[PDB]
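First come two forms of one protein chain, each written alone as structure tokens, so that there is a structure 1 and a structure 2.
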Structure 1
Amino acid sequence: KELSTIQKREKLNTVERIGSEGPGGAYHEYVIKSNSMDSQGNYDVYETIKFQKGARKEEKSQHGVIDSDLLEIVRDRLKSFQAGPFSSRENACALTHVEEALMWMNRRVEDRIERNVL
């Protein structure tokens, strides 16, 4: 259930899926946890991320984040890094790719909105 990541060496955290497959075959809960233990033996980092699973207006749905929410956080951090003294060509390419991913994901949302008004 643990993710095989692009980065292979000196990973601060691991990522794993929680639960089963839901709508579209996707997992809707993830855990980011550290590979480091503190003095007591607990995780230095343990963070859960629950995704929206169904329409927000339906009270029976699981309410949570969506994927563009996560990319927008990373987009904002890469923009702050690129405007600061630590800017680099690597993070400029990563920023451009993150934004083009965000733009592709918004295509279906906008098309669906245009269909619903008509």
Structure 2
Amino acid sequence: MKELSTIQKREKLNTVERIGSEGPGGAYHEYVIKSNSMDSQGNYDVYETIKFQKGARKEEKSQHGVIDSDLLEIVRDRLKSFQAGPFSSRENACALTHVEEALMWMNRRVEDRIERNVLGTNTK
């Protein structure tokens, strides 16, 4: 099936699906976020598509798109705003630290690929 088996199991607001097939590196590069709610005519209230950068930078015929760290930075900024507001919680605090530490580890991979001169190539 195309639907992602998410960690949240109950009272999910939206459904996330993979679109297409596996591409470079064995990963899908197109995802759909659709709401579980419908309008008055039975169509999705939300139906958004996220297109990832398919093909590394230096490899030819690559297609420009969003990168994974961009999505985490949005989530990082959202959690920081909620923690600064009136509806803060310890759950937000732990999730924020993990998002930032995940963002750091993705930066570590970026810098490591700059040291080995492999950034933007189909290498390990």
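For numbering, take structure 1's sequence and count from 1. In this text, the rigid core denotes the largest set of C-alpha atoms whose superposition between the two forms falls within 1.5 Å.
**Student:** At a threshold of 2 angstroms on the CA positions, core aligned, which residue out of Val45, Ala83, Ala55, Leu70 shifts between structure 1 and structure 2?
**Tutor:** Looking at each option in turn, only one qualifies, and it is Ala55.
**Student:** Upon rigid core superposition, what is the positional shift of the Cα of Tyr27 between structure 1 and structure 2, expressed in Å to one decimal?
**Tutor:** So the C-alpha of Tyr27 has moved 0.4 Å between structure 1 and structure 2.
**Student:** What does the CA of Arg108 shift by between structure 1 and structure 2 after fitting on the core? Give it in Å to one decimal.
**Tutor:** The alpha-carbon displacement, core-superposed, is 1.6 Å.
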